[PDB]
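Q: One file: start37.txt (compact mmCIF, C-alpha atoms).
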# COMPACT_ATOMS: atom_id res chain seq x y z
CA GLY B 1 -14.47 8.99 20.43
CA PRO B 2 -17.56 7.36 18.93
CA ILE B 3 -17.30 9.44 15.74
CA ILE B 4 -13.96 7.85 14.86
CA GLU B 5 -15.24 4.33 15.51
CA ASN B 6 -18.23 5.00 13.25
CA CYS B 7 -16.01 6.48 10.51
CA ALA B 8 -13.73 3.46 10.66
CA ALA B 9 -16.60 0.96 10.43
CA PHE B 10 -18.00 2.83 7.42
CA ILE B 11 -14.71 2.62 5.53
CA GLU B 12 -14.20 -1.00 6.60
CA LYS B 13 -17.45 -2.01 4.86
CA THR B 14 -15.39 -2.03 1.65
CA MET B 15 -11.73 -1.11 2.41
CA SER B 16 -9.66 -3.20 4.72
CA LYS B 17 -6.54 -0.95 4.53
CA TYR B 18 -7.21 2.58 5.75
CA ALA B 19 -6.28 5.18 8.32
CA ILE B 20 -7.94 8.25 9.79
CA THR B 21 -5.42 10.91 10.72
CA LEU B 22 -5.21 14.54 11.66
CA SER B 23 -3.41 16.96 9.36
CA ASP B 24 -0.56 17.25 11.86
CA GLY B 25 0.14 13.48 11.69
CA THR B 26 -1.85 12.27 14.69
CA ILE B 27 -3.15 8.77 13.93
CA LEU B 28 -6.73 8.35 15.14
CA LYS B 29 -7.32 4.84 13.71
CA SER B 30 -5.38 2.66 11.29
CA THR B 31 -5.38 -0.82 9.83
CA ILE B 32 -2.29 0.17 7.78
CA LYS B 33 0.97 -0.89 9.40
CA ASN B 34 2.55 1.88 11.47
CA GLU B 35 5.83 1.94 9.55
CA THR B 36 4.03 2.08 6.20
CA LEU B 37 1.74 4.85 7.39
CA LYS B 38 4.66 6.87 8.83
CA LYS B 39 6.43 6.75 5.45
CA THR B 40 3.44 8.30 3.62
CA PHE B 41 3.23 11.35 5.91
CA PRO B 42 5.93 13.45 4.13
CA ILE B 43 3.90 13.06 0.94
CA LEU B 44 0.76 14.23 2.72
CA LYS B 45 2.51 17.10 4.52
CA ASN B 46 3.78 18.55 1.25
CA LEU B 47 0.49 18.02 -0.58
CA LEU B 48 -1.46 19.72 2.23
CA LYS B 49 0.26 23.01 1.32
CA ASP B 50 -1.51 23.71 -1.98
CA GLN B 51 -2.52 20.39 -3.60
CA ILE B 52 -5.35 19.10 -1.35
CA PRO B 53 -7.90 21.75 -0.27
CA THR B 54 -10.57 20.77 2.25
CA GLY B 55 -13.04 18.46 0.56
CA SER B 56 -10.63 17.23 -2.14
CA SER B 57 -8.76 14.00 -2.73
CA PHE B 58 -5.42 12.96 -4.14
CA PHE B 59 -4.49 9.67 -5.82
CA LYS B 60 -0.92 8.32 -5.67
CA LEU B 61 -1.74 4.68 -6.16
CA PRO B 62 -2.10 2.64 -4.08
CA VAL B 63 -2.21 5.56 -1.63
CA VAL B 64 -5.32 7.76 -1.69
CA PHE B 65 -5.86 10.80 0.52
CA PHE B 66 -9.23 12.46 1.23
CA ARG B 67 -9.26 15.72 3.19
CA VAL B 68 -12.78 15.39 4.55
CA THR B 69 -12.48 18.46 6.84
CA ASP B 70 -9.70 21.00 7.49
CA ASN B 71 -7.91 18.76 9.96
CA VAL B 72 -9.16 15.21 9.16
CA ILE B 73 -7.58 13.07 6.46
CA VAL B 74 -8.75 9.64 5.38
CA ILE B 75 -5.96 7.51 3.90
CA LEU B 76 -6.59 4.35 1.87
CA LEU B 77 -4.40 1.72 0.31
CA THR B 78 -6.45 0.58 -2.65
CA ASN B 79 -6.55 -0.61 -6.26
CA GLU B 80 -10.30 0.00 -6.63
CA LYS B 81 -11.58 2.08 -9.53
CA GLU B 82 -11.57 5.86 -9.01
CA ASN B 83 -15.35 6.26 -9.26
CA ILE B 84 -15.94 3.56 -6.64
CA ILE B 85 -13.53 5.30 -4.25
CA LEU B 86 -15.02 8.75 -4.87
CA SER B 87 -18.58 7.50 -4.35
CA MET B 88 -17.55 6.15 -0.95
CA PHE B 89 -15.78 9.41 -0.05
CA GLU B 90 -18.92 11.37 -0.99
CA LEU B 91 -21.16 9.20 1.22
CA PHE B 92 -18.56 9.27 4.02
CA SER B 93 -18.54 13.07 3.91
CA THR B 94 -22.33 13.25 3.93
CA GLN B 95 -22.47 11.10 7.06
CA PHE B 96 -19.48 12.40 9.01
CA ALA B 97 -18.08 15.76 7.85
CA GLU B 98 -20.32 17.92 10.06
CA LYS B 99 -19.49 16.02 13.24
CA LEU B 100 -15.80 15.75 12.34
CA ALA B 101 -15.55 19.48 11.64
CA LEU B 102 -16.70 20.35 15.19
CA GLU B 103 -14.71 17.55 16.83
CA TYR B 104 -11.37 18.63 15.29
CA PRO B 105 -11.60 22.34 14.50
CA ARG B 106 -8.74 24.47 13.29
CA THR B 107 -7.78 27.67 15.12
CA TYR B 108 -8.25 30.86 13.13
CA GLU B 109 -7.43 33.45 15.84
CA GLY P 1 -3.42 -19.58 -13.38
CA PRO P 2 -5.72 -16.66 -12.49
CA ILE P 3 -3.87 -16.11 -9.20
CA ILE P 4 -0.49 -15.21 -10.72
CA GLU P 5 -2.23 -13.26 -13.50
CA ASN P 6 -4.08 -11.17 -10.90
CA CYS P 7 -0.82 -10.60 -9.02
CA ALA P 8 0.87 -9.45 -12.21
CA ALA P 9 -1.98 -7.10 -13.13
CA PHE P 10 -1.81 -5.56 -9.65
CA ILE P 11 1.90 -4.78 -9.83
CA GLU P 12 1.66 -3.65 -13.48
CA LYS P 13 -0.80 -0.89 -12.57
CA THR P 14 2.17 1.18 -11.34
CA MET P 15 5.39 -0.79 -12.12
CA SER P 16 6.48 -2.33 -15.43
CA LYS P 17 9.69 -4.11 -14.29
CA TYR P 18 9.19 -6.92 -11.81
CA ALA P 19 9.39 -10.65 -11.22
CA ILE P 20 7.50 -13.01 -8.92
CA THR P 21 9.55 -16.10 -8.08
CA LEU P 22 9.63 -19.02 -5.73
CA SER P 23 12.31 -18.71 -3.09
CA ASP P 24 14.35 -21.27 -5.06
CA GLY P 25 14.41 -19.00 -8.13
CA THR P 26 11.63 -20.65 -10.14
CA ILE P 27 10.09 -17.80 -12.13
CA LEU P 28 6.32 -17.54 -11.82
CA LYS P 29 6.11 -14.27 -13.80
CA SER P 30 8.79 -11.86 -14.95
CA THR P 31 8.95 -8.81 -17.17
CA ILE P 32 12.70 -8.58 -16.47
CA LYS P 33 14.77 -10.61 -18.91
CA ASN P 34 17.08 -13.17 -17.29
CA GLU P 35 20.21 -11.23 -18.41
CA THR P 36 19.24 -8.28 -16.21
CA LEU P 37 17.42 -10.31 -13.54
CA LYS P 38 20.47 -12.46 -12.79
CA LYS P 39 22.35 -9.40 -11.54
CA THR P 40 19.87 -9.13 -8.65
CA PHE P 41 20.61 -12.70 -7.56
CA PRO P 42 23.79 -12.11 -5.48
CA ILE P 43 21.71 -9.83 -3.25
CA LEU P 44 18.71 -12.17 -3.17
CA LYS P 45 20.83 -15.24 -2.44
CA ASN P 46 22.38 -13.46 0.52
CA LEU P 47 18.97 -12.39 1.87
CA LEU P 48 17.76 -15.97 1.56
CA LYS P 49 20.79 -17.36 3.39
CA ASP P 50 20.13 -14.78 6.10
CA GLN P 51 16.57 -16.18 6.27
CA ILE P 52 14.91 -12.79 5.80
CA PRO P 53 11.43 -12.90 7.38
CA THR P 54 8.20 -13.16 5.48
CA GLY P 55 6.58 -9.74 5.19
CA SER P 56 9.88 -7.96 5.10
CA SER P 57 11.53 -6.06 2.27
CA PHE P 58 15.02 -5.00 1.29
CA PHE P 59 15.90 -1.93 -0.78
CA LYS P 60 19.01 -1.33 -2.85
CA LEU P 61 17.33 0.99 -5.30
CA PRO P 62 16.61 0.44 -8.14
CA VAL P 63 16.42 -3.20 -6.88
CA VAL P 64 13.80 -4.08 -4.27
CA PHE P 65 12.79 -7.43 -2.76
CA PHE P 66 9.64 -8.35 -0.79
CA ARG P 67 9.06 -11.77 0.78
CA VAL P 68 5.29 -11.98 0.36
CA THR P 69 5.07 -15.59 1.62
CA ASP P 70 7.59 -18.03 3.06
CA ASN P 71 8.37 -19.34 -0.44
CA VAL P 72 7.39 -16.47 -2.80
CA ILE P 73 9.51 -13.38 -3.57
CA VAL P 74 8.60 -10.18 -5.44
CA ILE P 75 11.50 -8.43 -7.19
CA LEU P 76 11.24 -4.87 -8.55
CA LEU P 77 13.48 -2.68 -10.66
CA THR P 78 12.05 0.76 -10.07
CA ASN P 79 12.55 4.51 -9.75
CA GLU P 80 9.58 4.87 -7.41
CA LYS P 81 10.22 6.08 -3.88
CA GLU P 82 10.33 3.75 -0.88
CA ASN P 83 7.12 5.06 0.69
CA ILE P 84 4.91 4.18 -2.28
CA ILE P 85 6.75 0.87 -2.75
CA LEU P 86 6.11 -0.17 0.85
CA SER P 87 2.41 0.66 0.43
CA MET P 88 2.23 -1.37 -2.76
CA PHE P 89 3.81 -4.38 -1.02
CA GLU P 90 1.45 -4.06 1.95
CA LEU P 91 -1.69 -4.00 -0.21
CA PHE P 92 -0.27 -6.77 -2.44
CA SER P 93 0.18 -9.00 0.60
CA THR P 94 -3.30 -8.16 1.90
CA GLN P 95 -4.86 -9.11 -1.44
CA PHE P 96 -2.67 -12.08 -2.39
CA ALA P 97 -0.58 -13.63 0.40
CA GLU P 98 -3.23 -16.15 1.46
CA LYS P 99 -4.06 -17.05 -2.14
CA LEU P 100 -0.37 -17.48 -2.98
CA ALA P 101 0.04 -19.87 -0.04
CA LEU P 102 -2.77 -22.04 -1.44
CA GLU P 103 -1.61 -21.84 -5.06
CA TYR P 104 2.16 -22.25 -4.46
CA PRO P 105 2.36 -24.17 -1.20
CA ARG P 106 5.62 -25.04 0.45
CA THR P 107 6.95 -28.36 -0.81
CA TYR P 108 8.00 -30.67 2.03
CA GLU P 109 8.46 -34.02 0.23
Take the structure in the file and give it back as structure tokens.

A:
Amino acid sequence: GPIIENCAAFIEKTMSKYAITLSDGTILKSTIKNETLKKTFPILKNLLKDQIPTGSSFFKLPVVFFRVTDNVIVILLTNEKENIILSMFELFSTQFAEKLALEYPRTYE
Amino acid sequence: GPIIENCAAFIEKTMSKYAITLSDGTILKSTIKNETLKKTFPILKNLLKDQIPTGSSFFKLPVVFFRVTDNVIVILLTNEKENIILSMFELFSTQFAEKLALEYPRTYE
């Protein structure tokens, strides 16, 4: 929906290679090639167990993951400095995390 | 010039053993000494005779090849996994393929 288009435009201000995915592997938007993105998912699936809590990030350069909400992951391919990337993630979360959390909630019962 | 130096710095962030060559074998940058690098050439020569497409890669780990432009090849000797390697190649091409075409154009005379 509109929230994903707005998220994508925000990232694309500075990053041309990104994806927005759900924690189960569903691709919501991507400028990363499909085959490349598919190959990174096993890394993400294993890291989601105990290495990336909601709100945290993980750097495996050039791949960067940001778990903005329980179910929504931002993926970048980047060689930008860490602090530049984290500043963008912080502003992204401020703008979008509340809407994303209701759009893609996780079942607890 | 600055173009090949920027390419080298990009790869070097995560990989120490690589070469960037023209498709005819002219070395633009290499951290792999010719005594080791030559043992990758039977594979490369075969890929070139098979006219491997630009943008494609070939893995025979630890050796990896990526045809970033029609006439420029990246060679790696690495213990990294395929998924991260493919992401590195994709971002490398995004950042440098157009610049490499201008700096090392195909020679047709």

Q: Write out as a CSV table (one decimal) with C-alpha atoms, keeping the file's coordinate frame the residues lying within 12 Å of residue 88 of chain B, counting all atoms listed in the file and excluding same-chain residues fewer than 3 positions away.

A:
chain,number,residue,atom,x,y,z
B,7,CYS,CA,-16.0,6.5,10.5
B,10,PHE,CA,-18.0,2.8,7.4
B,11,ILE,CA,-14.7,2.6,5.5
B,12,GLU,CA,-14.2,-1.0,6.6
B,13,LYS,CA,-17.4,-2.0,4.9
B,14,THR,CA,-15.4,-2.0,1.6
B,15,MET,CA,-11.7,-1.1,2.4
B,57,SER,CA,-8.8,14.0,-2.7
B,66,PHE,CA,-9.2,12.5,1.2
B,68,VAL,CA,-12.8,15.4,4.6
B,74,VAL,CA,-8.8,9.6,5.4
B,76,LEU,CA,-6.6,4.4,1.9
B,80,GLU,CA,-10.3,0.0,-6.6
B,81,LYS,CA,-11.6,2.1,-9.5
B,82,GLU,CA,-11.6,5.9,-9.0
B,83,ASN,CA,-15.4,6.3,-9.3
B,84,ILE,CA,-15.9,3.6,-6.6
B,85,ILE,CA,-13.5,5.3,-4.2
B,91,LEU,CA,-21.2,9.2,1.2
B,92,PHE,CA,-18.6,9.3,4.0
B,93,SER,CA,-18.5,13.1,3.9
B,94,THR,CA,-22.3,13.2,3.9
B,95,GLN,CA,-22.5,11.1,7.1
B,96,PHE,CA,-19.5,12.4,9.0

Q: Near chain P, meaning an atom within 9 Å, which residues of chain B appear when counting only C-alpha atoms? Write them as a list in words.

A: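 That gives the following set of residues: residues 16, 17, 32, 33, 35, 36, 37, 38, 39, 40, 43, 60, 61, 62, 63, 77, 78 and 79 of chain B.
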
Q: So, counting all atoms listed in the file, which residue among B:22, B:3, B:102, B:52 is closest to residue 71 of chain B?

A: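 Under the stated criterion, the closest residue is B:22.
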
Q: Atom CA of residue 59 of chain P and atom CA of residue 100 of chain P are how many Å apart?

A: 22.6 Å

Q: Please, what distance in Å, to one decimal, runs between atom CA of residue 4 of chain P and atom CA of residue 28 of chain P?

A: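 Rounded to one decimal, the two atoms are 7.3 Å apart.
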
Q: Using atom CA of residue 98 of chain B and atom CA of residue 55 of chain B as the two end points, give the distance in Å to one decimal.

A: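 Distance reported for this atom pair: 12.0 Å.
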
Q: Once chain B sits on chain P after a least-squares Cα superposition, all atoms in order, what's the RMSD?

A: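 My reading of the C-alpha RMSD is 1.4 Å.
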
Q: For segment 35-58 of chain B, supply N, CA, C and O atoms and format the output as an mmCIF file, in the frame of the given file.

A:
data_model
loop_
_atom_site.group_PDB
_atom_site.id
_atom_site.type_symbol
_atom_site.label_atom_id
_atom_site.label_comp_id
_atom_site.auth_asym_id
_atom_site.auth_seq_id
_atom_site.Cartn_x
_atom_site.Cartn_y
_atom_site.Cartn_z
ATOM 1 N N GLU B 35 4.665 1.528 10.320
ATOM 2 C CA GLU B 35 5.830 1.940 9.550
ATOM 3 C C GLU B 35 5.437 2.396 8.146
ATOM 4 O O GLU B 35 5.967 3.390 7.632
ATOM 5 N N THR B 36 4.497 1.687 7.518
ATOM 6 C CA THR B 36 4.030 2.080 6.200
ATOM 7 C C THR B 36 3.327 3.430 6.260
ATOM 8 O O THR B 36 3.586 4.329 5.451
ATOM 9 N N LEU B 37 2.472 3.607 7.262
ATOM 10 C CA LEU B 37 1.740 4.850 7.390
ATOM 11 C C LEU B 37 2.685 6.023 7.658
ATOM 12 O O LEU B 37 2.541 7.094 7.056
ATOM 13 N N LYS B 38 3.680 5.823 8.532
ATOM 14 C CA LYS B 38 4.660 6.870 8.830
ATOM 15 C C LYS B 38 5.399 7.325 7.573
ATOM 16 O O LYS B 38 5.736 8.507 7.438
ATOM 17 N N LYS B 39 5.679 6.399 6.650
ATOM 18 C CA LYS B 39 6.430 6.750 5.450
ATOM 19 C C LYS B 39 5.622 7.615 4.485
ATOM 20 O O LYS B 39 6.206 8.375 3.704
ATOM 21 N N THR B 40 4.290 7.515 4.520
ATOM 22 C CA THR B 40 3.440 8.300 3.620
ATOM 23 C C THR B 40 3.242 9.736 4.102
ATOM 24 O O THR B 40 2.846 10.590 3.302
ATOM 25 N N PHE B 41 3.511 10.019 5.374
ATOM 26 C CA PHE B 41 3.230 11.350 5.910
ATOM 27 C C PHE B 41 3.989 12.483 5.217
ATOM 28 O O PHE B 41 3.380 13.547 5.007
ATOM 29 N N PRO B 42 5.278 12.360 4.884
ATOM 30 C CA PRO B 42 5.930 13.450 4.130
ATOM 31 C C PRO B 42 5.226 13.792 2.832
ATOM 32 O O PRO B 42 5.138 14.975 2.474
ATOM 33 N N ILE B 43 4.692 12.792 2.133
ATOM 34 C CA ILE B 43 3.900 13.060 0.940
ATOM 35 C C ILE B 43 2.687 13.907 1.287
ATOM 36 O O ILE B 43 2.405 14.920 0.637
ATOM 37 N N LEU B 44 1.956 13.505 2.326
ATOM 38 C CA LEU B 44 0.760 14.230 2.720
ATOM 39 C C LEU B 44 1.094 15.642 3.198
ATOM 40 O O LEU B 44 0.391 16.599 2.861
ATOM 41 N N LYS B 45 2.167 15.789 3.978
ATOM 42 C CA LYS B 45 2.510 17.100 4.520
ATOM 43 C C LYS B 45 2.780 18.095 3.399
ATOM 44 O O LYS B 45 2.308 19.238 3.439
ATOM 45 N N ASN B 46 3.490 17.660 2.363
ATOM 46 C CA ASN B 46 3.780 18.550 1.250
ATOM 47 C C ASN B 46 2.534 18.828 0.421
ATOM 48 O O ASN B 46 2.313 19.959 -0.027
ATOM 49 N N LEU B 47 1.698 17.811 0.214
ATOM 50 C CA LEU B 47 0.490 18.020 -0.580
ATOM 51 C C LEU B 47 -0.519 18.905 0.132
ATOM 52 O O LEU B 47 -1.274 19.626 -0.530
ATOM 53 N N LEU B 48 -0.534 18.887 1.470
ATOM 54 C CA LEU B 48 -1.460 19.720 2.230
ATOM 55 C C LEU B 48 -1.218 21.205 2.003
ATOM 56 O O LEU B 48 -2.110 22.016 2.277
ATOM 57 N N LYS B 49 -0.039 21.588 1.510
ATOM 58 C CA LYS B 49 0.260 23.010 1.320
ATOM 59 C C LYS B 49 -0.684 23.643 0.307
ATOM 60 O O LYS B 49 -1.391 24.610 0.616
ATOM 61 N N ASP B 50 -0.721 23.104 -0.913
ATOM 62 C CA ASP B 50 -1.510 23.710 -1.980
ATOM 63 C C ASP B 50 -2.195 22.714 -2.903
ATOM 64 O O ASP B 50 -2.900 23.141 -3.823
ATOM 65 N N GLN B 51 -2.033 21.413 -2.684
ATOM 66 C CA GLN B 51 -2.520 20.390 -3.600
ATOM 67 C C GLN B 51 -3.735 19.584 -3.119
ATOM 68 O O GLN B 51 -4.259 18.768 -3.889
ATOM 69 N N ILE B 52 -4.155 19.767 -1.870
ATOM 70 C CA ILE B 52 -5.350 19.100 -1.350
ATOM 71 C C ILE B 52 -6.199 20.033 -0.492
ATOM 72 O O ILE B 52 -6.131 19.963 0.743
ATOM 73 N N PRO B 53 -7.016 20.904 -1.081
ATOM 74 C CA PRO B 53 -7.900 21.750 -0.270
ATOM 75 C C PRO B 53 -8.966 20.906 0.430
ATOM 76 O O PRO B 53 -9.267 19.778 0.029
ATOM 77 N N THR B 54 -9.545 21.476 1.491
ATOM 78 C CA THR B 54 -10.570 20.770 2.250
ATOM 79 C C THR B 54 -11.700 20.340 1.335
ATOM 80 O O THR B 54 -12.226 21.143 0.556
ATOM 81 N N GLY B 55 -12.035 19.052 1.391
ATOM 82 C CA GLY B 55 -13.040 18.460 0.560
ATOM 83 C C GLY B 55 -12.515 17.752 -0.677
ATOM 84 O O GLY B 55 -13.304 17.125 -1.386
ATOM 85 N N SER B 56 -11.219 17.839 -0.959
ATOM 86 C CA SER B 56 -10.630 17.230 -2.140
ATOM 87 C C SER B 56 -9.871 15.952 -1.787
ATOM 88 O O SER B 56 -9.669 15.595 -0.620
ATOM 89 N N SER B 57 -9.447 15.270 -2.834
ATOM 90 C CA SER B 57 -8.760 14.000 -2.730
ATOM 91 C C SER B 57 -7.517 14.028 -3.596
ATOM 92 O O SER B 57 -7.330 14.927 -4.424
ATOM 93 N N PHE B 58 -6.647 13.048 -3.378
ATOM 94 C CA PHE B 58 -5.420 12.960 -4.140
ATOM 95 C C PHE B 58 -5.038 11.499 -4.270
ATOM 96 O O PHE B 58 -5.009 10.773 -3.272
#
